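Please read the structure below before turning to the comments.
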Amino acid sequence: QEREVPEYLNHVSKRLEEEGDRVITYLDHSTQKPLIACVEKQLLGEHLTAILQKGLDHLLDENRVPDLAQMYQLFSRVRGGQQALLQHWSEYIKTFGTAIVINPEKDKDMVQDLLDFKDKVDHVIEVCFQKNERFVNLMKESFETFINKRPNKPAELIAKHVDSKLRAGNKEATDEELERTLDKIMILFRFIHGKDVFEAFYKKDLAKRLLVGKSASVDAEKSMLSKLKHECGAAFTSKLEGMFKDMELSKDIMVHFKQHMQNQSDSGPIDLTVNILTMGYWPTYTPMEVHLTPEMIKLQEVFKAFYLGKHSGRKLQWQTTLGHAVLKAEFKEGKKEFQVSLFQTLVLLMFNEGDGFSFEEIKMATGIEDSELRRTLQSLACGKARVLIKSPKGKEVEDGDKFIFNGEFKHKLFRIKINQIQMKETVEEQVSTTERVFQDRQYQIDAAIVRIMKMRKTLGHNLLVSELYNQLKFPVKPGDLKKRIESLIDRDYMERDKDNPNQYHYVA
Amino acid sequence: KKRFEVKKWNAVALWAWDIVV
């Protein structure tokens with residue numbers, strides 16, 4: 001009640017260490033153990049909360065690994081002080097994890113902080129708790145109890161950060177670290193719940209990663225398929241391996257077509273490339289109304305011709321906007337090459353035939369929807385206008401864009417890769433990619449509950465929730481439980497047993 | 001020949017079903 005909690009802890013440490021040698025020289029061994037028992041009651045006995053809540057969490061936040069190990073000793077010797085240690089420090093885990101994801105204004109940085117708290121608690125176990133396992137039990141319990149509460153802020157932020165770690169830079173060439181931080185991704189986000197939204201978003205992420213730019217590594221994606229195969233269903237990693245098999249099918253079609261133009265001897269500059277896919281293992285894509293230069297339409301018909309062979313049973317529903325393409329660009333003061341997107345490639349295709357178009361037939365002769373075309377003009381316009389030049393300036397954009405293509409263009413590099421768009425995405429794009437999972441759980445829980453009542457006739461709702469939580473990779477809301485109860489009654493697999501929702505039957 | 005001379009068009013797309021449900 002005079003010194004600080006760490007000061008009193010060091011005093012207790014040294015004062016207990018005093019009482020040994022008293023016996024060692026002169027006092028009695030058989031009263032050494034009564035002496036330490038009494039003294040440890042006098043110092044540490046009956047003070048296992050006012051030392052061990054604040055002065056625990058205070059010196060954990062200060063993270064003095066010497067005194068944390070000291071109190072670990074000083075409360076692993078004592079009568080039961082490690083129980084107070086486990087409870088106070090585990091509540092400390094829950095709250096000091098909870099100081100991340102419940103913050104809706106602070107979603108720009110969540111994943112790195114989660115990695116940080118994971119790292120800190122791991123280090124406090126491995127030295128400050130000296131690889132005891134009770135602490136690990138409280139850790140995992142506390143983490144899962146925490147993240148059952150917010151499922152679909154983290155898994156989406158986590159998916160974006162997983163994709164961010166799946167980028168090809170010049171800074172990283174040791175994928176071993178990215179293997180190790182990938183191991184931390186798997187282990188740490190096994191605490192994070194709602195994995196179906198992460199799963200579908202990772203379909204979106206491999207789409208946005210292959211379709212523009214290039215991945216961090218081949219073995220990185222292979223290791224992720226093998227790792228995410230674990231901890232989820234074995235029919236939950238059928239689509240991803242289907243992605244890479246469909247990519248190999250498209251490459252084999254590429255080899256076949258290149259061999260079939262080996263005797264036609266292409267020397268022309270105009271290229272067509274379609275990597276074709278099936279809708280069972282990929283994100284779904286529906287064509288949107290867009291306008292194509294008629295030679296591209298000729299290439300579409302060529303694509304039909306080479307499409308109709310090789311496992312016929314095939315019928316066109318084409319996409320002609322989702323790729324990125326390399327293009328040479330005429331300007332004054334040099335001819336450099338652009339790596340750009342099809343939304344912008346059509347823009348640049350019209351800025352060959354003339355300079356002087358306006359947003360009316362830029363809206364029309366592209367055909368591009370408003371949501372895509374605004375963000376198309378947020379790249380290389382709304383700033384840095386030396387290729388396209390848009391009459392509204394700044395973040396605010398009005399419907400009056402007047403364009404005259406610029407002769408002037410300056411940069412110090414070749415292969416001018418100015419392409420945010422397809423390695424970016426919009427808010428309602430993310431929201432819609434979430435709703436394609438929201439009322440997609442419907443058939444999942446439908447199948448699960450029809451199988452349950454086909455297995456056990458009576459099951460209260462507080463047990464249906466637990467069987468579903470056992471079975472599924474995401475947490476099911478109480479609203480969705482009412483939703484499936486009512487729809488099962490609509491399709492005659494439930495009857496309310498005893499005229500209340502307490503129990504049910506499988507009678508129609 | 002043009003202000004962008006066409007060197008590469010590349011696309012990703014889906015091959016679709018053709019059997020009755």
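Identifiers in this document derive from the order of the structure tokens: chains are assigned A, B, ..., residues are numbered from 1 separately in each chain, and ligands are numbered from 1 in order of occurrence.
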
What are the residues of chain A that have an atom within 8 Å of an atom of chain B, counting only C-alpha atoms, as a compact mmCIF listing (two decimals) with C-alpha atoms, in the first residue's frame?
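Result went into result09.txt, see below:
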```txt
# COMPACT_ATOMS: atom_id res chain seq x y z
CA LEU A 211 -7.23 -10.72 -64.06
CA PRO A 269 -0.54 -6.64 -84.40
CA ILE A 270 -4.17 -7.12 -83.26
CA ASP A 271 -4.58 -9.74 -80.54
CA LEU A 272 -7.51 -11.71 -79.13
CA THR A 273 -7.32 -13.65 -75.88
CA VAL A 274 -10.17 -15.29 -73.98
CA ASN A 275 -9.57 -17.39 -70.88
CA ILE A 276 -12.83 -19.35 -70.63
CA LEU A 277 -14.27 -20.69 -67.39
CA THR A 278 -17.18 -22.63 -65.93
CA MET A 279 -19.67 -21.06 -63.49
CA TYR A 285 -20.33 -13.10 -64.17
CA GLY A 313 -22.33 -28.60 -75.26
CA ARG A 314 -21.00 -25.07 -75.16
CA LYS A 315 -22.95 -21.89 -75.93
CA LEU A 316 -21.82 -18.26 -75.75
CA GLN A 317 -22.37 -15.91 -72.82
CA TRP A 318 -19.26 -13.80 -73.26
CA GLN A 319 -17.47 -11.24 -71.11
CA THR A 320 -15.57 -8.46 -72.91
CA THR A 321 -14.84 -5.98 -70.12
CA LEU A 322 -13.23 -7.87 -67.22
CA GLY A 323 -9.64 -8.20 -68.44
CA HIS A 324 -6.64 -5.88 -68.61
CA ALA A 325 -4.63 -5.29 -71.76
CA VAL A 326 -1.28 -3.89 -72.78
CA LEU A 327 -1.48 -1.08 -75.33
CA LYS A 328 0.94 1.21 -77.11
CA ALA A 329 -0.11 4.86 -76.88
CA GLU A 330 0.53 7.68 -79.34
CA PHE A 331 1.42 11.07 -77.88
CA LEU A 348 -8.67 4.66 -75.60
CA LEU A 349 -10.04 2.82 -78.66
CA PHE A 351 -9.45 8.12 -78.81
CA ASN A 352 -7.85 6.82 -82.02
CA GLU A 353 -10.62 7.63 -84.49
```

* Identify all residues of region 247-366 of chain A in helix (DSSP H, G or I) (DSSP on the backbone) and supply them as a ChimeraX atom specification. => /A:247-260,294-308,342-353,359-364

Output C-alpha atoms for every residue in that selection, as an mmCIF file, in the first residue's frame.
```cif
data_model
loop_
_atom_site.group_PDB
_atom_site.id
_atom_site.type_symbol
_atom_site.label_atom_id
_atom_site.label_comp_id
_atom_site.auth_asym_id
_atom_site.auth_seq_id
_atom_site.Cartn_x
_atom_site.Cartn_y
_atom_site.Cartn_z
ATOM 1 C CA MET A 247 -7.106 -21.749 -65.784
ATOM 2 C CA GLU A 248 -5.174 -24.807 -66.982
ATOM 3 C CA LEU A 249 -8.024 -25.572 -69.433
ATOM 4 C CA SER A 250 -7.807 -22.022 -70.801
ATOM 5 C CA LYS A 251 -4.025 -22.346 -71.147
ATOM 6 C CA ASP A 252 -4.486 -25.648 -73.016
ATOM 7 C CA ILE A 253 -7.006 -23.948 -75.342
ATOM 8 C CA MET A 254 -4.404 -21.180 -75.785
ATOM 9 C CA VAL A 255 -1.758 -23.747 -76.784
ATOM 10 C CA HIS A 256 -4.243 -25.416 -79.154
ATOM 11 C CA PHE A 257 -5.198 -22.115 -80.821
ATOM 12 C CA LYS A 258 -1.579 -20.964 -81.107
ATOM 13 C CA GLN A 259 -0.664 -24.268 -82.749
ATOM 14 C CA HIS A 260 -3.666 -23.850 -85.038
ATOM 15 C CA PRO A 294 -16.813 -3.902 -84.568
ATOM 16 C CA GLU A 295 -13.454 -5.603 -85.138
ATOM 17 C CA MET A 296 -13.693 -6.820 -81.545
ATOM 18 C CA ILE A 297 -17.132 -8.156 -82.521
ATOM 19 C CA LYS A 298 -15.393 -9.959 -85.385
ATOM 20 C CA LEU A 299 -13.040 -11.409 -82.782
ATOM 21 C CA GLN A 300 -16.111 -12.406 -80.752
ATOM 22 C CA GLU A 301 -17.367 -14.365 -83.752
ATOM 23 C CA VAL A 302 -13.902 -15.944 -84.135
ATOM 24 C CA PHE A 303 -14.175 -16.744 -80.427
ATOM 25 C CA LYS A 304 -17.524 -18.399 -81.179
ATOM 26 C CA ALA A 305 -15.893 -20.465 -83.933
ATOM 27 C CA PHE A 306 -13.021 -21.723 -81.797
ATOM 28 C CA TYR A 307 -15.428 -21.976 -78.837
ATOM 29 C CA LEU A 308 -17.902 -24.394 -80.437
ATOM 30 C CA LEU A 342 -10.974 -2.895 -70.784
ATOM 31 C CA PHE A 343 -13.233 -0.211 -69.290
ATOM 32 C CA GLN A 344 -10.465 2.221 -70.196
ATOM 33 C CA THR A 345 -9.308 0.285 -73.266
ATOM 34 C CA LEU A 346 -12.619 1.091 -74.954
ATOM 35 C CA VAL A 347 -12.103 4.752 -73.989
ATOM 36 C CA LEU A 348 -8.674 4.663 -75.600
ATOM 37 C CA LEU A 349 -10.037 2.815 -78.659
ATOM 38 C CA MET A 350 -12.340 5.713 -79.433
ATOM 39 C CA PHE A 351 -9.450 8.121 -78.813
ATOM 40 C CA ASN A 352 -7.854 6.816 -82.015
ATOM 41 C CA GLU A 353 -10.623 7.629 -84.489
ATOM 42 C CA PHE A 359 -19.653 12.493 -72.218
ATOM 43 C CA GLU A 360 -22.925 11.957 -74.101
ATOM 44 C CA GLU A 361 -21.604 9.546 -76.690
ATOM 45 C CA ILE A 362 -18.853 8.585 -74.284
ATOM 46 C CA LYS A 363 -21.856 7.344 -72.319
ATOM 47 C CA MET A 364 -23.410 5.908 -75.469
#
```

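For region 460-465 of chain A, the residues within 10 Å (counting only C-alpha atoms, excluding itself and residues fewer than 3 positions away along the chain) are residues 448, 449, 452, 453, 468, 469, 470, 471, 475, 476, 477, 478, 481, 482, 485, 497, 501, 502, 503 and 504 of chain A.
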
Would you write out those residues with N, CA, C and O atoms, as a compact mmCIF listing (two decimals), in the first residue's frame?
```
# COMPACT_ATOMS: atom_id res chain seq x y z
N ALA A 448 -29.53 -28.54 -43.92
CA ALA A 448 -29.10 -28.96 -42.59
C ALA A 448 -30.28 -29.29 -41.68
O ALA A 448 -30.29 -30.32 -41.00
N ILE A 449 -31.33 -28.45 -41.70
CA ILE A 449 -32.45 -28.70 -40.79
C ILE A 449 -33.33 -29.84 -41.30
O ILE A 449 -33.88 -30.60 -40.50
N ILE A 452 -31.58 -32.78 -40.12
CA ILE A 452 -31.71 -32.92 -38.67
C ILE A 452 -33.05 -33.54 -38.29
O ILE A 452 -33.11 -34.50 -37.52
N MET A 453 -34.14 -33.00 -38.84
CA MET A 453 -35.45 -33.55 -38.50
C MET A 453 -35.70 -34.89 -39.19
O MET A 453 -36.49 -35.70 -38.69
N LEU A 468 -26.37 -26.37 -35.83
CA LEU A 468 -25.97 -25.55 -36.96
C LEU A 468 -24.59 -24.92 -36.75
O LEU A 468 -23.77 -24.91 -37.67
N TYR A 469 -24.33 -24.40 -35.54
CA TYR A 469 -23.03 -23.82 -35.24
C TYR A 469 -21.92 -24.86 -35.34
O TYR A 469 -20.80 -24.54 -35.76
N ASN A 470 -22.21 -26.09 -34.93
CA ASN A 470 -21.30 -27.21 -35.17
C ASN A 470 -21.04 -27.42 -36.66
O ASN A 470 -19.90 -27.63 -37.08
N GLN A 471 -22.10 -27.38 -37.47
CA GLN A 471 -21.99 -27.86 -38.84
C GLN A 471 -21.39 -26.82 -39.79
O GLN A 471 -20.70 -27.19 -40.74
N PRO A 475 -21.35 -18.05 -38.61
CA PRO A 475 -22.41 -18.05 -37.60
C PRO A 475 -23.73 -17.57 -38.19
O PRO A 475 -23.80 -16.58 -38.91
N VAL A 476 -24.79 -18.30 -37.87
CA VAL A 476 -26.11 -18.03 -38.41
C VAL A 476 -26.89 -17.15 -37.44
O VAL A 476 -26.99 -17.45 -36.24
N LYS A 477 -27.42 -16.04 -37.96
CA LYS A 477 -28.12 -15.04 -37.17
C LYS A 477 -29.43 -15.60 -36.62
O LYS A 477 -29.98 -16.56 -37.17
N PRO A 478 -29.94 -15.04 -35.51
CA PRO A 478 -31.28 -15.43 -35.05
C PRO A 478 -32.38 -15.11 -36.05
O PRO A 478 -33.41 -15.78 -36.06
N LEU A 481 -32.54 -17.88 -38.54
CA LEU A 481 -33.19 -19.04 -37.93
C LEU A 481 -34.71 -18.96 -38.04
O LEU A 481 -35.36 -19.95 -38.38
N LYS A 482 -35.27 -17.77 -37.80
CA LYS A 482 -36.70 -17.57 -38.06
C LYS A 482 -37.01 -17.74 -39.53
O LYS A 482 -38.05 -18.31 -39.90
N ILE A 485 -37.00 -21.44 -40.31
CA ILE A 485 -38.16 -22.07 -39.67
C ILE A 485 -39.42 -21.83 -40.50
O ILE A 485 -40.15 -22.77 -40.85
N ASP A 497 -44.30 -28.38 -32.37
CA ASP A 497 -44.68 -29.43 -31.43
C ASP A 497 -45.12 -28.78 -30.12
O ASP A 497 -44.48 -27.83 -29.65
N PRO A 501 -43.07 -22.84 -30.19
CA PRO A 501 -41.77 -23.09 -30.82
C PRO A 501 -40.73 -23.74 -29.92
O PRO A 501 -39.55 -23.73 -30.28
N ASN A 502 -41.15 -24.27 -28.77
CA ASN A 502 -40.23 -24.98 -27.89
C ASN A 502 -39.67 -26.22 -28.57
O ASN A 502 -38.48 -26.51 -28.45
N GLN A 503 -40.52 -26.98 -29.27
CA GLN A 503 -40.13 -28.23 -29.90
C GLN A 503 -40.80 -28.34 -31.26
O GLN A 503 -41.75 -27.62 -31.57
N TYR A 504 -40.29 -29.26 -32.09
CA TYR A 504 -40.80 -29.46 -33.44
C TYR A 504 -40.93 -30.95 -33.75
O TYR A 504 -40.53 -31.81 -32.97
```

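The residues of region 247-482 of chain A that DSSP classifies as strand (DSSP E or B), using the backbone of this structure, are residues 274, 275, 315, 316, 317, 324, 325, 326, 327, 328, 329, 336, 337, 338, 339, 340, 341, 358, 402 and 416 of chain A.
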
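Between CA of residue 178 (chain A) and CA of residue 165 (chain A) the separation is 7.5 Å.
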
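We find CA of residue 391 (chain A) and CA of residue 365 (chain A) to be spaced 19.2 Å apart.
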
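Interatomic distance, CA of residue 132 (chain A) to CA of residue 18 (chain A): 27.4 Å.
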
* Tell me which protein, DNA and RNA residues are within 10 Å of residue 114 (chain A), counting only C-alpha atoms, leaving out same-chain ones fewer than 3 positions away, and put them as a ChimeraX atom specification. => /A:96-101,109-111,117-120,154,158,188-189

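Nearest residue to residue 167 (chain A) among A:218, A:284, A:152, A:142 is A:218, counting only C-alpha atoms.
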